[PDB]
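See structure below.
2 protein chains.
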Amino acid sequence: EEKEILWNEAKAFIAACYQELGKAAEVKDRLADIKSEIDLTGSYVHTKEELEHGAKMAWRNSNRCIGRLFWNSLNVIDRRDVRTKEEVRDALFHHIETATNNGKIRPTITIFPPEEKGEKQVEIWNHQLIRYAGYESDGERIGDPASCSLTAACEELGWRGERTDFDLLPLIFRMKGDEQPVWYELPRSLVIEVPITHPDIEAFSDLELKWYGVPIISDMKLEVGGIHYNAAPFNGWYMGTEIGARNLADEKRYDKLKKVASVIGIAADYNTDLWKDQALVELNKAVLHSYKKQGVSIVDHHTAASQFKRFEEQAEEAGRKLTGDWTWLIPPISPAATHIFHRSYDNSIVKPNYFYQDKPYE
Amino acid sequence: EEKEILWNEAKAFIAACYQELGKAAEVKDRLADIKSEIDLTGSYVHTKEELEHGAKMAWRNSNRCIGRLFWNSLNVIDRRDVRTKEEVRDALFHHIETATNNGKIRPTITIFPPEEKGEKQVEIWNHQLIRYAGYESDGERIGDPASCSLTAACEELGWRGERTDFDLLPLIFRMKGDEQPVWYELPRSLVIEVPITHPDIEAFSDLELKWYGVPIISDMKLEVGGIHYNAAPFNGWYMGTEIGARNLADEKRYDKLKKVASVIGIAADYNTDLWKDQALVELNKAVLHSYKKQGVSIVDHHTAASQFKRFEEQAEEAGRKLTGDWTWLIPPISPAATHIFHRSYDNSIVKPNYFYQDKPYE
Ligand code: HEM
Ligand code: HEM
Ligand SMILES: O=[N+]([O-])c1cccc2c(Br)n[nH]c12
Ligand SMILES: O=[N+]([O-])c1cccc2c(Br)n[nH]c12
Ligand SMILES: [Cl-]
Ligand SMILES: [Cl-]
Numbered sequence: 052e053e054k055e056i057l058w059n060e061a062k063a064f065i066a067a068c069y070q071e072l073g074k075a076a077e078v079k080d081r082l083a084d085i086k087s088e089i090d091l092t093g094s095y096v097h098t099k100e101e102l103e104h105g106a107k108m109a110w111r112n113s114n115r116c117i118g119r120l121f122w123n124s125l126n127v128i129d130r131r132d133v134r135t136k137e138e139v140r141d142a143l144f145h146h147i148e149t150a151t152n153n154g155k156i157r158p159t160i161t162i163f164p165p166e167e168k169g170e171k172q173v174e175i176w177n178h179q180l181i182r183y184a185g186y187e188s189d190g191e192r193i194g195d196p197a198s199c200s201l202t203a204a205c206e207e208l209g210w211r212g213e214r215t216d217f218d219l220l221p222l223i224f225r226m227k228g229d230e231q232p233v234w235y236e237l238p239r240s241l242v243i244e245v246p247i248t249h250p251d252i253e254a255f256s257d258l259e260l261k262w263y264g265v266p267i268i269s270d271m272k273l274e275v276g277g278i279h280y281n282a283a284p285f286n287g288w289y290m291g292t293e294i295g296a297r298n299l300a301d302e303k304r305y306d307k308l309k310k311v312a313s314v315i316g317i318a319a320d321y322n323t324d325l326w327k328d329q330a331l332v333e334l335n336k337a338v339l340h341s342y343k344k345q346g347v348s349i350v351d352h353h354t355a356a357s358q359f360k361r362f363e364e365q366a367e368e369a370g371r372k373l374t375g376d377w378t379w380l381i382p383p384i385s386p387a388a389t390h391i392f393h394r395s396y397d398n399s400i401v402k403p404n405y406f407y408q409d410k411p412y413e
Numbered sequence: 052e053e054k055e056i057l058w059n060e061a062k063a064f065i066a067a068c069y070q071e072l073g074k075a076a077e078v079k080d081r082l083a084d085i086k087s088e089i090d091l092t093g094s095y096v097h098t099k100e101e102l103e104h105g106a107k108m109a110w111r112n113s114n115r116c117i118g119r120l121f122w123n124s125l126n127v128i129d130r131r132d133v134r135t136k137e138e139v140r141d142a143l144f145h146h147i148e149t150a151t152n153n154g155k156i157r158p159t160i161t162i163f164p165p166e167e168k169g170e171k172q173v174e175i176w177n178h179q180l181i182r183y184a185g186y187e188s189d190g191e192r193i194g195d196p197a198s199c200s201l202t203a204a205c206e207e208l209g210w211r212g213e214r215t216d217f218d219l220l221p222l223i224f225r226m227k228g229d230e231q232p233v234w235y236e237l238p239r240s241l242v243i244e245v246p247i248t249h250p251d252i253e254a255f256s257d258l259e260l261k262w263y264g265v266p267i268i269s270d271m272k273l274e275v276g277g278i279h280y281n282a283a284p285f286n287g288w289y290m291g292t293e294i295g296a297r298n299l300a301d302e303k304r305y306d307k308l309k310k311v312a313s314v315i316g317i318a319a320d321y322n323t324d325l326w327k328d329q330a331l332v333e334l335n336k337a338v339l340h341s342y343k344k345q346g347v348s349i350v351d352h353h354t355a356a357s358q359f360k361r362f363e364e365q366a367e368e369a370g371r372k373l374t375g376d377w378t379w380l381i382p383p384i385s386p387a388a389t390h391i392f393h394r395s396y397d398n399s400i401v402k403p404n405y406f407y408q409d410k411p412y413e
């Protein structure tokens, strides 16, 4: 059964991947080979080409991603060789550096060894590689609530944050055979960060907001032809709204709108003033401007959605069915000003793809 | 079969309605009575109490309505007696007047005679009772595009708009047995309208925006215990965002954002300025302010969503399952600033309810 699901995912996967790559004749033989390898080993190993392209497909089938126009240019780094924690840490450091590229961000994915009998070789605990600690000590909230549980896990283990609102979490992961993960402080030279300033309103700096340059999702599994790469951290660049509208705005995260409001000189007393809407727009403007001012790559949600419309034309022109989760594609501000809003999307799962998995802390 | 679906909807309906009204013992007998009436007539007639409460339930089960907190106070007007077009017109005029209430708007529904063998007694063509004409004469767009097809139907029939951007459409409906509908010009004394002005920016009047006070959906069917009231126009008051974010903003409707932008003294050249977001917020502010300034009832989307949260607590406290279409509940601006956004809703159909039906023009 295990063999059988694996075998089928593999057949589907190879046929489609080789078809896309104009390598259709080579399929019979490659499958034969795989049929033997799974017969013998109970698994099979991807070629470099298969793995690069699988990862590309997985991004392309990510229903919740608006920035899939650029799926085919994903930078794929194949680290299936790593056996030691030093190599993992160092692969992680490298990915941060190469993806950041001095602020001209490259969409990158580092792929570590797959699961064996569903036995993990590496288990990355961070949610993102770069992320801020969250504390809560008797109703004194500090930093990022979303990170509270992970943060108290690190602290268990030895780490100690400075309790700033933007403490950098360390990398923390576990190796097959170890009962505990290790952690390693993030070198600061690696992490680009941006202060938030407004183009017009100088008192805006008084807020002392900043955010990190690159979002690198480090806790989703990549599945490709029945192979489960549980550790395969990936990145793009940010759409502004995720910083300015979620991370900084949500009540459960940084909860900045009142302060935004106060410092932009509007009152926060009456819903009918639309002071949250208005703050949200100045804050999202502050975000794009600061990242563009710093030479760090970013997209606004309007631009992003025009990109995603090209993606839609291109799927269909390529004869590919489109999938999409409307609830995630629409941006959290001015969604009706994007075409995404006015159409519907088929939310089926096509593999290859990225998937959630259980957190090991909690 | 017809009898059978009708009979079952009826059983479900009566049991639930009488249960809610503490009239559970009276059910056996009322059903017996109905069983006879459908045996004989092929249909059955609602009591005043059943009909009032059915209409209330239908609003309560309207998954796409954020303003369901007020379902139980719906004003129900029972016009199952009307036989003539003069009575229909006059029922319509009355509803406009009584629902408007000098701007203190009363949620009201006028219920005309049901379908017979699915044969309509009255067929209302308007989408809303109060709505603006749309023209398009060789790439000269006038008024409201959404109304283009209806408008050319009236014009067929004799009506002639002044070709302003806010021409009032006439009432137009058809009576069983007539091959054509009639139309009747809307008396102007009946229709409250609001000019849009900004609280701060006086040049805002230069835009010469206005909108009508009361939205009255006149082309959906109400179903109650298997009875199909195809003509049962209903109203609430407006959430600002529907005017300020859809009606006035969408490209396919009035398409005002550039102009908004120009008159609020920001440039409309770069997506990264968030000039659509910013215009949308000043325009939605202009809308609430003008309606509150005029003594016309309106709700902002934040207030609305806090109301809808009480509705959610109240369903559950009453032991009722909640339903909801997330895609409609979220507002089209600052949706992530409402709790609606951060939860999910079950989109099943529970009857009684309001439903779409085929347009007769087009
Ligand atoms: C190049 C720039 C990129 C942009 C601007 C972008 C934008 C986004 C945004 C805005 C979301 C919504 C997520 C949220 O609301 O938290 C998202 C989700 C996602 N994106 Fe992308 N993305 C990019 C690159 C990538 C890459 C490189 C991959 C994979 C290789 C990817 C896979 C996904 C996935 C799987 C999700 C859903 C994640 C989840 O469940 O939380 N995207 N994307
Ligand atoms: C009292 C104030 C009311 C407010 C503020 C309100 C608000 C809304 C809003 C904002 C929508 C979204 C529709 C759109 O995006 O076009 C909506 C939909 C709807 N509401 Fe309400 N509503 C109210 C009263 C009513 C009443 C009285 C009824 C029925 C008796 C009702 C039934 C519905 C239905 C059926 C829909 C979906 C209509 C469609 O498919 O286009 N609501 N409501
Ligand atoms: O840009 N975003 O707001 C955003 C959200 C979630 C995941 C990603 C990645 Br991987 N690149 N950008 C992202
Ligand atoms: O207020 N709204 O934006 C809105 C939208 C659609 C239907 C209705 C009614 Br009936 N009252 N208010 C409505
Ligand atoms: Cl993020
Ligand atoms: Cl409307």
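Chains A and B are the protein sequences, given in the same order.
Counting from 52, one number per residue, gives the positions in the first sequence under the numbering used here.
Counting from 52, one number per residue, gives the positions in the second sequence under the numbering used here.
Even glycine gets a Cβ: it sits at the ideal position worked out from N, Cα and C.
{"Check": "Report the neighbours of residue 24 of chain B on chain A: residues whose CB is nearer than 8 angstroms to its CB, in chain order.", "Outcome": "As shown, chain B starts at 52 and ends at 413. That puts residue 24 of chain B outside it, with no answer to give."}
{"Check": "With distances taken from CA atoms, which of B/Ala387, B/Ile391, B/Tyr412, B/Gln365 is nearest B/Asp376?", "Outcome": "B/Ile391"}
{"Check": "Taking Cβ to Cβ, would you say A/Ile247 is nearer than 8 angstroms to A/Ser341?", "Outcome": "yes"}
{"Check": "Going by CA-CA distance only, name the one from B/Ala184, B/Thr149, B/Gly209 that's closest to B/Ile243.", "Outcome": "B/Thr149"}
{"Check": "Is the stretch 121-131 of chain A close to the stretch 300-311 of chain A, with three or more CB pairs under 8 angstroms?", "Outcome": "no"}
{"Check": "For A/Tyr289 and A/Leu220, what's the separation of their Cα atoms in angstroms?", "Outcome": "19 angstroms"}
{"Check": "To be precise: take each residue of the stretch 329-343 of chain B, compare its Cβ to all Cβ atoms of chain A, and keep it if any distance is under 8 angstroms. Which residues remain?", "Outcome": "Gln329, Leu331, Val332, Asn335, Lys336, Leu339, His340, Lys343"}
{"Check": "Distance, Cα to Cα, B/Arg361 vs B/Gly118?", "Outcome": "10 angstroms"}
{"Check": "Between the C-alpha atoms of A/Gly276 and B/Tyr321, what's the straight-line distance to the nearest angstrom?", "Outcome": "43 angstroms"}
{"Check": "What is the rounded straight-line gap between the Cα of B/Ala184 and the Cα of B/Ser357?", "Outcome": "34 angstroms"}
{"Check": "From A/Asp301 to B/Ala387, what distance separates their C-alpha atoms?", "Outcome": "7 angstroms"}
{"Check": "Apart from the five residues just before and just after B/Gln345, which ones in its own chain have a Cβ nearer than 7 angstroms to its Cβ?", "Outcome": "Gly154, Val245"}
{"Check": "Report the CB separation of A/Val78 from A/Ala61 in whole angstroms; it is logged as a contact under 8 angstroms.", "Outcome": "Incorrect: roughly 11 angstroms between the Cβ atoms, too far for contact."}
{"Check": "May I have the straight-line CA-CA distance separating A/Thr215 from B/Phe64, to the nearest angstrom?", "Outcome": "59 angstroms"}
{"Check": "Under DSSP, the beta strand (DSSP E) around B/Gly185 begins and ends at which residues?", "Outcome": "185-187"}
{"Check": "Should A/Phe285 be listed as close to ligand 1, given that the test is whether its C-beta is under 7 angstroms from any heavy atom?", "Outcome": "yes"}
{"Check": "Using only the alpha-carbon positions, how far apart do B/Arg111 and B/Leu373 sit?", "Outcome": "9 angstroms"}
{"Check": "So B/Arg140 is in the alpha helix (DSSP H); what residue range does that whole segment cover?", "Outcome": "136-151"}
{"Check": "Tell me whether A/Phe255 sits in a helix, a strand or coil according to DSSP, three-state version.", "Outcome": "helix"}
{"Check": "Under 7 angstroms from any heavy atom of ligand 4, does the C-beta of B/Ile268 make it?", "Outcome": "yes"}
{"Check": "Could you tell me which of B/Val332, B/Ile268, B/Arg394, B/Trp210 sits nearest to B/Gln408, measuring between CA atoms?", "Outcome": "B/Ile268"}
{"Check": "Nearest by alpha-carbon distance to A/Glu236: which of A/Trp210, A/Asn335, A/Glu274, A/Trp122 is it?", "Outcome": "A/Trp210"}
{"Check": "Just to make sure I have the definition right: I need the residues of chain B whose C-beta is within less than 8 angstroms of the C-beta of A/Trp288. Which are they?", "Outcome": "Neighbours of A/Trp288 on chain B: none; closest Cβ ~14 angstroms, over 8 angstroms."}
{"Check": "Assuming A/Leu208 and A/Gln231 are in contact, meaning their beta carbons sit under 8 angstroms apart, how far apart are those beta carbons, in whole angstroms?", "Outcome": "7 angstroms"}
{"Check": "Determine the chain B residues that contact A/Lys327 at a beta-carbon separation under 7 angstroms, and present them in chain order.", "Outcome": "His353, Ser385, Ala388"}
{"Check": "CB A/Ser113 to CB A/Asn398, shorter than 8 angstroms?", "Outcome": "no"}
{"Check": "Give me, in chain order, the residues of the same chain whose beta-carbon lies closer than 7 angstroms to that of B/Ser395; leave out the 5 immediate sequence neighbours on both sides.", "Outcome": "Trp377"}
{"Check": "Provide the residue span of the beta strand (DSSP E) that contains B/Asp129, from first to last.", "Outcome": "126-129"}
{"Check": "When you compare each of A/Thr292, A/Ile89, A/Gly264, A/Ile181 to A/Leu380 by their alpha carbons, which one comes out closest?", "Outcome": "A/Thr292"}
{"Check": "Return no unless some Cβ of chain A is closer than 8 angstroms to the Cβ of B/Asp301.", "Outcome": "yes"}
{"Check": "For A/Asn322, decide whether its Cβ has a neighbour in chain B, counting only Cβ atoms nearer than 8 angstroms.", "Outcome": "yes"}
{"Check": "I believe B/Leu120 touches B/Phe359 by the beta-carbon criterion, under 8 angstroms. Please report the beta-carbon distance rounded to the nearest angstrom.", "Outcome": "6 angstroms"}
{"Check": "With respect to the beta strand (DSSP E) encompassing A/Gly194, which residues constitute its N-terminal and C-terminal limits?", "Outcome": "192-194"}
{"Check": "How is B/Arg371 classed by DSSP in three states: helix, strand or coil?", "Outcome": "coil"}
{"Check": "Could you please give me the residues that DSSP links to B/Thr323 through a beta bridge?", "Outcome": "DSSP lists no partner for B/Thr323."}
{"Check": "Please state whether the Cβ-Cβ distance between B/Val338 and B/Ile294 is less than 8 angstroms.", "Outcome": "yes"}
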